[PDB]
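Asker: Just dropping this structure here.
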Amino acid sequence: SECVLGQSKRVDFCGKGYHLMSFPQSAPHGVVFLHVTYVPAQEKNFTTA
Amino acid sequence: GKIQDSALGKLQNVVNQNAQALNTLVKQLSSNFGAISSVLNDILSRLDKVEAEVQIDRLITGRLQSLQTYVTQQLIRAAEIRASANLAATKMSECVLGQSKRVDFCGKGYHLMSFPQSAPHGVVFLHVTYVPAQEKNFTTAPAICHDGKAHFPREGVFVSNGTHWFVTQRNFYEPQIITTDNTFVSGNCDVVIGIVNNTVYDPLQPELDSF
Amino acid sequence: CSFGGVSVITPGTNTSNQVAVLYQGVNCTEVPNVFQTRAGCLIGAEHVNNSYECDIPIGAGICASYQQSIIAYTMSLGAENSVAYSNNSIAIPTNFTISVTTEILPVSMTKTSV
Amino acid sequence: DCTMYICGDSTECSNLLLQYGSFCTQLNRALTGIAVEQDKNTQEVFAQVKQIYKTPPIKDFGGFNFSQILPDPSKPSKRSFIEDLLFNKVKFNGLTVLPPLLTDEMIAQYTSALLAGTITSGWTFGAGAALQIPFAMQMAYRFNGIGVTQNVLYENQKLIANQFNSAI
Amino acid sequence: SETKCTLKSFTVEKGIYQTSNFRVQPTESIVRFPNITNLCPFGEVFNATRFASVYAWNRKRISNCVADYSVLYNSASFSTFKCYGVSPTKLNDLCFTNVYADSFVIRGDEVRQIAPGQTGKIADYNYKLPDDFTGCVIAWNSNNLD
Ligand SMILES: *[C@@H]1O[C@H](CO[C@@H]2O[C@@H](C)[C@@H](O)[C@@H](O)[C@@H]2O)[C@@H](O[C@@H]2O[C@H](CO)[C@@H](O)[C@H](O)[C@H]2NC(C)=O)[C@H](O)[C@H]1NC(C)=O
Ligand SMILES: *[C@@H]1O[C@H](CO)[C@@H](O[C@@H]2O[C@H](CO)[C@@H](O)[C@H](O)[C@H]2NC(C)=O)[C@H](O)[C@H]1NC(C)=O
Ligand SMILES: *[C@@H]1O[C@H](CO)[C@@H](O[C@@H]2O[C@H](CO)[C@@H](O)[C@H](O)[C@H]2NC(C)=O)[C@H](O)[C@H]1NC(C)=O
Ligand SMILES: *[C@@H]1O[C@H](CO)[C@@H](O[C@@H]2O[C@H](CO)[C@@H](O)[C@H](O)[C@H]2NC(C)=O)[C@H](O)[C@H]1NC(C)=O
Ligand SMILES: *[C@@H]1O[C@H](CO)[C@@H](O[C@@H]2O[C@H](CO)[C@@H](O)[C@H](O)[C@H]2NC(C)=O)[C@H](O)[C@H]1NC(C)=O
Ligand SMILES: *[C@@H]1O[C@H](CO)[C@@H](O[C@@H]2O[C@H](CO)[C@@H](O)[C@H](O)[C@H]2NC(C)=O)[C@H](O)[C@H]1NC(C)=O
Ligand SMILES: *[C@@H]1O[C@H](CO)[C@@H](O[C@@H]2O[C@H](CO)[C@@H](O)[C@H](O)[C@H]2NC(C)=O)[C@H](O)[C@H]1NC(C)=O
Ligand SMILES: *[C@@H]1O[C@H](CO)[C@@H](O)[C@H](O)[C@H]1NC(C)=O
Ligand SMILES: *[C@@H]1O[C@H](CO)[C@@H](O)[C@H](O)[C@H]1NC(C)=O
Ligand SMILES: *[C@@H]1O[C@H](CO)[C@@H](O)[C@H](O)[C@H]1NC(C)=O
Ligand SMILES: *[C@@H]1O[C@H](CO)[C@@H](O)[C@H](O)[C@H]1NC(C)=O
C-alpha cells in the first residue's frame with residue numbers, strides 16, 4: 001500500500017534514501033519489493049545563514 | 001446511512017475461538033486417558049489408595065496436558081490480540097487524532113477523517129475518504145516554453161482542452177490560466193523533452209500598461 | 001494404499017441441502033459430476049467456464065459456489081484494463097465521492113482464570 | 001490426520017486414542033486455521049488491486065526500461081525475469097501438503113497488475129481510479145514529494161533513466 | 001450428516017469442511033512364510049533322560065524347523081508358562097531367526113527366581129535372563145523323576 005500504491009515519507013520504510021517508486025515481484029512464499037530511491041550524492045560545503 | 005447495510009467475521013473469530021477453547025477444555029474432563037473412569041469420585045469410591053493413585057495419575061496427566069494446551073493456545077492468541085490492539089492504537093492516533101498520508105492505512109482513497117465506534121472486544125473505525133471520480137482525458141505537457149525559457153507548474157499539471165492550455169491541481173479539475181504566479185522558471189527550454197509552446201500571462205504586464 | 005481428506009463443500013443449510021465432496025489429493029480413478037481438480041477429485045460439482053469471484057475456496061485456483069446446483073470454477077482476479085497510457089495524456093477527476101468505509105479490529109479477548 | 005500419524009490402519013490403536021479425547025481434533029482444527037490463514041495472508045498482499053491492469057504494447061516509458069520486471073511475452077506462466085530468477089534461486093505417515101488457493105500464475109497476474117498500474121497511473125489505481133499519467137511526469141511528481149523541484153527530473157531525465165536502467 | 005456431526009451442530013454455515021479421512025481398505029489377506037519342511041521339535045529338549053544341572057545349562061539351537069507352540073501351550077504339564085515380549089496365543093503367527101532352548105532343573109519354589117530382572121542364587125550365580133528377554137519360561141514338576 002505505502003511503497004507501491006503510494007509514495008512514503010516514512011524514512012527507511014521503502015529502502016535507503018528518499019522513496020520514489022516500488023515495484024512488486026513475486027517469489028516462493030513471499031514478495032520482493034524493488035524499492036527505487038533517490039540517494040543524494042557529491043556534497044559541497046557552503047557557508048549558510 | 002450505508003454503514004447500517006455493512007468485516008465482523010474477523011472479530012467474531014475472537015469470540016468463537018475463546019468459546020471453542022473453553023468448551024474443548026471442559027469436554028476433556030470427560031476423557032478417560034486410560035483410567036477406569038473419567039470422574040474421580042468413581043475412582044475414589046471404587047478403589048483404595050494404592051490402586052487409585054495410578055488411576056488418578058492418568059487423569060492428572062491428561063487433564064494437565066489439556067490445560068497446558070489451553071494456556072499455550074491462549075498465550076499465542078493473546079499475542080495476536082496485542083498485535084491487533086497496537087494496530088488499533090496506531091489507527092486511533094493516526095486516523096482519528098490525525099490525518100494520514102499513509103496510503104490505505106485509513107481505508108481506500110485519500111484519507112480525510114476517521115471516527116471510532118466501540119464494539120464487543122473491538123473497535124470500529126469509520127474511515128471517511130475522498131475517492132476521485134469522473135475521469136476526463138486531457139493532453140498534458142511537462143513544461144511550457146515561453147520566450148525561450150521553460151515554465152513548470154508550481155503546484156499542479158498542465159492540461160490542454162485541445163485549443164488552450166491550463167494549470168490544474170492534480171486531484172481535481174479546476175482549470176486556471178497559465179501565469180508567472182502559477183508557474184516557475186528553470187533554464188532555457190532546449191534541455192527539456194516533451195515541451196510545448198504557450199503564452200504565459202504576467203499580471204504586471206496589463207496592470208502596468210493600464211497606468 | 002491411498003488415503004486423503006474428505007472435504008465437504010456446502011452452501012449454508014439455510015440455502016440448500018446439496019453438498020459436494022472434495023477427496024483431497026486422490027485421482028478420480030481411485031475414488032470409488034466427477035471433476036479432477038489440482039486439489040483432488042471433486043464429486044457432485046459442475047465445472048463451468050465462467051470465472052466468477054471465489055465464494056468457497058477449494059485450491060489451485062478452483063472455487064465453488066451455488067447457482068440450483070453447486071458449480072466449480074477457476075476464479076477471476078478482476079476485470080482487465082489497459083489504461084490508455086500515452087506519453088502526452090493525463091486523466092484528471094472532474095468530481096469526487098466521499099466514501100465512508102468500516103474497518104473492524106480486535107482489541108481484547110475475554111479475561112479467563114482457571 | 002492425527003490417527004494416521006499415531007496409528008495407521010490399526011483399529012485397536014485408533015480406539016485407545018479415543019480415550020485421550022479431543023486432542024486428535026484440536027490438532028486438525030489448529031492446522032486448518034493455519035492453512036486458511038495462509039490464503040488470507042497471500043490475498044491481503046496481492047489482491048490490493050481489484051482490476052487486472054495491462055501494460056500497452058508500446059513501452060514508451062520515457063527511457064525507463066522495465067523489461068526485467070514486466071512479464072515476459074514469450075512465456076505461459078507470465079513471470080518477469082527477476083521473478084523467474086527468484087523462483088529459480090530460492091510421505092505416507094498421514095502428513096499432507098495442501099495446494100495454495102492462489103496459483104503462482106495468479107500471483108504473477110496480480111503482481112503484473114500492480115506493476116502495470118504503478119507505471120501507467122502512479123498511486124491513483126491504489127487510491128481509486130487508475131488515472132493515467134505520462135511516466136516522466138509521474139517521476140517528476142515523485143521528485144516533488146522528496147523535496148526536489150520537478151525540473152530536476154526533466155533536465156536530467158536521460159541520466160535518471162540510465163541510472164535506473166543500470167540499477168535494475 | 002458427516003459435516004453436521006463433525007461440527008457438533010444441526011446447521012452448517014457456507015464453507016469447506018474436512019469431515020473425514022478415507023483409505024482404500026485392504027481387499028484380501030496374504031500370508032507368506034519360508035517353505036521349510038522340517039518339523040524338528042523341542043521333543044528331545046522337553047523329554048531328555050537327564051537334564052543339565054542349572055550351573056551348566058544345556059543349550060540347543062532349534063533352527064530351520066517349523067514349530068507349533070500351541071501343542072506346547074496345551075500341555076497340562078506346564079505349571080509355569082510365563083512369556084515375555086511375545087504372547088502364547090500369537091506365537092504361531094510369528095517366525096524367528098533363531099530359537100535357543102535352554103534346559104535345566106531347579107527346586108520348585110526357586111522357579112520364581114528365573115524371571116528377567118529378578119536376582120538371587122540362580123539369577124546371580126547360575127543363569128540370568130536379560131531384561132529385554134523375548135521368550136517363554138516353561139516349568140513343570142519332576143519329583144516323579146529327577
Ligand atoms: C483515456 O481515453 C480513453 C480513450 O477514449 C477515447 O479517446 C478520448 C480522447 C475520447 O475521444 C473518448 O470519447 C474516446 O472513446 C478512454 O477510453 C474510453 O472510455 C469510455 C468510458 O469512459 C469508453 O466508453 C470508451 O469505449 C473508451 N474508448 C476506447 C477507445 O477504449 C479512457 O477511459 C481514458 N482513460 C482514463 C484512465 O480515464
Ligand atoms: C478551451 O477552453 C477555453 C476557455 O474556456 C475555451 O475558450 C472560450 O470559448 C468560448 C466559446 O466556446 C468563448 O466565448 C470564450 O471567449 C473563449 N475564451 C477564451 C479565453 O478564449 C475554448 O473554447 C475551449 N476549447 C474546447 C475545445 O473546449
Ligand atoms: C517554440 O518556440 C520556439 C521559439 O520561438 C521555436 O523556435 C524557433 O523556431 C523558428 C522556426 O523554426 C526558428 O526560425 C527559430 O530560430 C527558433 N528559435 C530558437 C531559439 O530555436 C520553436 O520552433 C517552437 N516550437 C513549436 C513546436 O512550436
Ligand atoms: C458530481 O457528482 C455528483 C454525484 O453523482 C453529482 O450530484 C448529483 O447530480 C444529479 C444531477 O446531475 C442529481 O440528480 C443528484 O441528486 C446529485 N447527487 C447529490 C448527492 O447531490 C454532481 O452533479 C456532479 N457534479 C459535477 C460538476 O459533475
Ligand atoms: C531493455 O533492456 C533489454 C535488456 O538489455 C534489451 O533487450 C535486449 O536487446 C538486445 C539487442 O536487441 C538483444 O540482443 C537481447 O537479447 C535483448 N534482451 C532481452 C532479455 O530481450 C532491450 O532492447 C531494452 N529496451 C530498449 C527499448 O532498448
Ligand atoms: C552526476 O553523476 C553522474 C554519475 O557519476 C554523472 O553521469 C555520467 O556522466 C558522464 C559524462 O560526464 C556520462 O558519460 C555517463 O554516462 C553518466 N552516467 C550515466 C549513468 O549515464 C553526471 O555527469 C554527474 N553530473 C554532474 C552535474 O556532476
Ligand atoms: C514328551 O512326551 C510326551 C509323552 O510321550 C508327549 O505327550 C504328548 O503331548 C502332546 C502335546 O501336549 C499331546 O497332544 C499328546 O496327547 C501327548 N501324548 C501322550 C501319549 O500323552 C509330548 O509330545 C513330548 N514332548 C514334546 C515337546 O513333544
Ligand atoms: C510520444 O511518442 C511518439 C511515438 O509514438 C513520439 O513520436 C513523440 O515524440 C512522443 N511525444 C512525447 C511528448 O513524448
Ligand atoms: C434462513 O432462511 C430464511 C428464509 O426461509 C431467512 O429469512 C433467514 O434469514 C435465514 N437465516 C440465516 C441464518 O441464513
Ligand atoms: C493424477 O492426476 C494429475 C493431474 O490432475 C497428474 O499430474 C498425475 O500424474 C496423476 N497421477 C498421480 C499418481 O498423481
Ligand atoms: C468449459 O470449457 C471447455 C473448454 O476448455 C469446454 O469443453 C466445456 O464444455 C466448458 N464447460 C461448459 C459447462 O460449457
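Chain labels run A, B, ... following the order of the C-alpha cells; each chain numbers its residues from 1, and ligands are numbered from 1 in the order shown.
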Could you please extract the residues within 9 Å of ligand 9, counting only C-alpha atoms and all ligand atoms, and hand them back as an MDAnalysis selection string?
Answerer: (chainID C and resid 12:15) or (chainID E and resid 13)
Asker: Write a file of the selected residues as an mmCIF file, in the first residue's frame, keeping N, CA and C atoms.
Answerer:
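result09.cif written:
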data_model
loop_
_atom_site.group_PDB
_atom_site.id
_atom_site.type_symbol
_atom_site.label_atom_id
_atom_site.label_comp_id
_atom_site.auth_asym_id
_atom_site.auth_seq_id
_atom_site.Cartn_x
_atom_site.Cartn_y
_atom_site.Cartn_z
ATOM 1 N N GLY C 12 -24.745 -22.835 2.864
ATOM 2 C CA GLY C 12 -25.430 -22.908 4.143
ATOM 3 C C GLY C 12 -26.630 -23.839 4.068
ATOM 4 N N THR C 13 -26.872 -24.571 5.159
ATOM 5 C CA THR C 13 -28.057 -25.420 5.242
ATOM 6 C C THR C 13 -29.347 -24.612 5.165
ATOM 7 N N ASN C 14 -29.275 -23.320 5.479
ATOM 8 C CA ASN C 14 -30.384 -22.400 5.256
ATOM 9 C C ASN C 14 -30.694 -22.260 3.771
ATOM 10 N N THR C 15 -29.659 -22.294 2.927
ATOM 11 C CA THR C 15 -29.838 -22.172 1.482
ATOM 12 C C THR C 15 -30.189 -23.502 0.816
ATOM 13 N N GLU E 13 -22.817 -23.424 8.299
ATOM 14 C CA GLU E 13 -22.547 -22.232 7.509
ATOM 15 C C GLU E 13 -21.777 -22.590 6.240
#
Asker: So that I can check the surroundings of residue D:25, please list as a list in words every protein, DNA and RNA residue that reaches within 10 Å of it, counting only C-alpha atoms and ignoring chain neighbours fewer than 4 positions away.
Answerer: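 Near neighbours after the sequence-gap exclusion: residues 24 of chain B; 1, 2, 3, 21, 29, 30 and 31 of chain D; 6 of chain E.
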Asker: Go ahead and save the residues from that selection, with N, CA, C and O atoms, as a compact mmCIF listing (two decimals), in the first residue's frame.
Answerer:
# COMPACT_ATOMS: atom_id res chain seq x y z
N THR B 24 -13.75 -27.00 24.65
CA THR B 24 -12.88 -28.16 24.48
C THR B 24 -12.20 -28.53 25.79
O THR B 24 -12.02 -29.72 26.09
N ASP D 1 -3.58 -36.05 9.45
CA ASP D 1 -4.52 -36.98 10.08
C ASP D 1 -3.84 -37.55 11.32
O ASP D 1 -2.99 -38.45 11.24
N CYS D 2 -4.22 -37.02 12.47
CA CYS D 2 -3.69 -37.46 13.76
C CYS D 2 -3.79 -38.97 13.97
O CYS D 2 -2.90 -39.57 14.57
N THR D 3 -4.86 -39.60 13.49
CA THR D 3 -4.97 -41.05 13.65
C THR D 3 -4.03 -41.80 12.73
O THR D 3 -3.40 -42.79 13.14
N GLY D 21 -9.33 -38.41 23.86
CA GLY D 21 -10.36 -37.43 23.61
C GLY D 21 -10.12 -36.51 22.43
O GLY D 21 -9.65 -36.94 21.38
N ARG D 29 -7.91 -29.06 13.86
CA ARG D 29 -8.52 -27.74 13.87
C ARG D 29 -7.48 -26.63 13.82
O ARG D 29 -7.61 -25.68 13.05
N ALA D 30 -6.44 -26.74 14.64
CA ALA D 30 -5.37 -25.74 14.65
C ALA D 30 -4.61 -25.67 13.32
O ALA D 30 -4.29 -24.57 12.86
N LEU D 31 -4.31 -26.80 12.70
CA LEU D 31 -3.70 -26.77 11.37
C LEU D 31 -4.64 -26.26 10.28
O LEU D 31 -4.19 -25.59 9.35
N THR E 6 -19.44 -33.63 12.61
CA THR E 6 -18.11 -33.13 12.99
C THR E 6 -18.10 -31.69 13.50
O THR E 6 -17.20 -31.32 14.25
Asker: Do a neighbour search on residue A:14 at 12 Å with only C-alpha atoms, toss out local chain neighbours closer than 6 positions, and write the hits as a PyMOL selection string.
Answerer: chain A and resi 1-8+20-24+32-38
Asker: Just to be explicit: take each residue in the selection above, keep N, CA and C atoms, and write the result as a PDB file, in the first residue's frame.
Answerer:
ATOM      1  N   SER A   1       0.814  -1.208   0.000  1.00  0.00           N
ATOM      2  CA  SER A   1       0.000   0.000   0.000  1.00  0.00           C
ATOM      3  C   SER A   1       0.852   1.264   0.000  1.00  0.00           C
ATOM      4  N   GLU A   2       1.849   1.336   0.872  1.00  0.00           N
ATOM      5  CA  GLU A   2       2.583   2.577   1.075  1.00  0.00           C
ATOM      6  C   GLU A   2       3.758   2.775   0.130  1.00  0.00           C
ATOM      7  N   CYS A   3       4.373   1.712  -0.377  1.00  0.00           N
ATOM      8  CA  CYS A   3       5.507   1.867  -1.276  1.00  0.00           C
ATOM      9  C   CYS A   3       5.157   1.637  -2.739  1.00  0.00           C
ATOM     10  N   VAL A   4       4.216   0.751  -3.054  1.00  0.00           N
ATOM     11  CA  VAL A   4       3.812   0.547  -4.441  1.00  0.00           C
ATOM     12  C   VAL A   4       2.655   1.470  -4.791  1.00  0.00           C
ATOM     13  N   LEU A   5       1.540   1.331  -4.088  1.00  0.00           N
ATOM     14  CA  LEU A   5       0.346   2.116  -4.376  1.00  0.00           C
ATOM     15  C   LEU A   5       0.481   3.576  -3.951  1.00  0.00           C
ATOM     16  N   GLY A   6       1.648   3.995  -3.484  1.00  0.00           N
ATOM     17  CA  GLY A   6       1.840   5.310  -2.920  1.00  0.00           C
ATOM     18  C   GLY A   6       3.297   5.707  -3.000  1.00  0.00           C
ATOM     19  N   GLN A   7       3.618   6.823  -2.355  1.00  0.00           N
ATOM     20  CA  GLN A   7       4.997   7.204  -2.081  1.00  0.00           C
ATOM     21  C   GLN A   7       5.098   7.521  -0.598  1.00  0.00           C
ATOM     22  N   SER A   8       6.141   7.020   0.062  1.00  0.00           N
ATOM     23  CA  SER A   8       6.212   7.045   1.520  1.00  0.00           C
ATOM     24  C   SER A   8       7.203   8.081   2.035  1.00  0.00           C
ATOM     25  N   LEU A  20      11.068   6.923  -4.070  1.00  0.00           N
ATOM     26  CA  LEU A  20      10.373   7.320  -5.290  1.00  0.00           C
ATOM     27  C   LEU A  20       9.267   6.319  -5.603  1.00  0.00           C
ATOM     28  N   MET A  21       9.650   5.129  -6.052  1.00  0.00           N
ATOM     29  CA  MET A  21       8.733   4.102  -6.517  1.00  0.00           C
ATOM     30  C   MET A  21       9.111   2.787  -5.856  1.00  0.00           C
ATOM     31  N   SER A  22       8.154   1.876  -5.744  1.00  0.00           N
ATOM     32  CA  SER A  22       8.477   0.474  -5.539  1.00  0.00           C
ATOM     33  C   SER A  22       7.712  -0.394  -6.518  1.00  0.00           C
ATOM     34  N   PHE A  23       8.372  -1.430  -7.012  1.00  0.00           N
ATOM     35  CA  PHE A  23       7.757  -2.410  -7.881  1.00  0.00           C
ATOM     36  C   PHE A  23       7.644  -3.754  -7.178  1.00  0.00           C
ATOM     37  N   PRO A  24       6.461  -4.356  -7.091  1.00  0.00           N
ATOM     38  CA  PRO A  24       6.359  -5.691  -6.504  1.00  0.00           C
ATOM     39  C   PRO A  24       6.787  -6.788  -7.464  1.00  0.00           C
ATOM     40  N   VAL A  32       8.890  -9.724  -3.200  1.00  0.00           N
ATOM     41  CA  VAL A  32      10.118  -8.943  -3.307  1.00  0.00           C
ATOM     42  C   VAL A  32       9.741  -7.550  -3.774  1.00  0.00           C
ATOM     43  N   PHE A  33      10.143  -6.541  -3.016  1.00  0.00           N
ATOM     44  CA  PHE A  33       9.940  -5.154  -3.398  1.00  0.00           C
ATOM     45  C   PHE A  33      11.255  -4.604  -3.927  1.00  0.00           C
ATOM     46  N   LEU A  34      11.227  -4.101  -5.154  1.00  0.00           N
ATOM     47  CA  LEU A  34      12.325  -3.333  -5.735  1.00  0.00           C
ATOM     48  C   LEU A  34      12.083  -1.862  -5.433  1.00  0.00           C
ATOM     49  N   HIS A  35      12.560  -1.413  -4.275  1.00  0.00           N
ATOM     50  CA  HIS A  35      12.410  -0.017  -3.883  1.00  0.00           C
ATOM     51  C   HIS A  35      13.363   0.868  -4.672  1.00  0.00           C
ATOM     52  N   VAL A  36      12.802   1.799  -5.431  1.00  0.00           N
ATOM     53  CA  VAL A  36      13.571   2.812  -6.144  1.00  0.00           C
ATOM     54  C   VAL A  36      13.634   4.051  -5.266  1.00  0.00           C
ATOM     55  N   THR A  37      14.839   4.502  -4.947  1.00  0.00           N
ATOM     56  CA  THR A  37      15.024   5.613  -4.030  1.00  0.00           C
ATOM     57  C   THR A  37      16.032   6.599  -4.597  1.00  0.00           C
ATOM     58  N   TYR A  38      15.856   7.858  -4.215  1.00  0.00           N
ATOM     59  CA  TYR A  38      16.790   8.939  -4.507  1.00  0.00           C
ATOM     60  C   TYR A  38      17.785   9.045  -3.361  1.00  0.00           C
TER      61      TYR A  38
END
Asker: Taking only C-alpha atoms and all ligand atoms into account, report as a PyMOL selection string which residues have an atom no farther than 7 Å from an atom of ligand 11.
Answerer: chain C and resi 47-49
Asker: Quick check for you: according to DSSP on this backbone, which residues of chain A are classed as strand (DSSP E)? Reply as a PyMOL selection string.
Answerer: chain A and resi 18-27+30-38
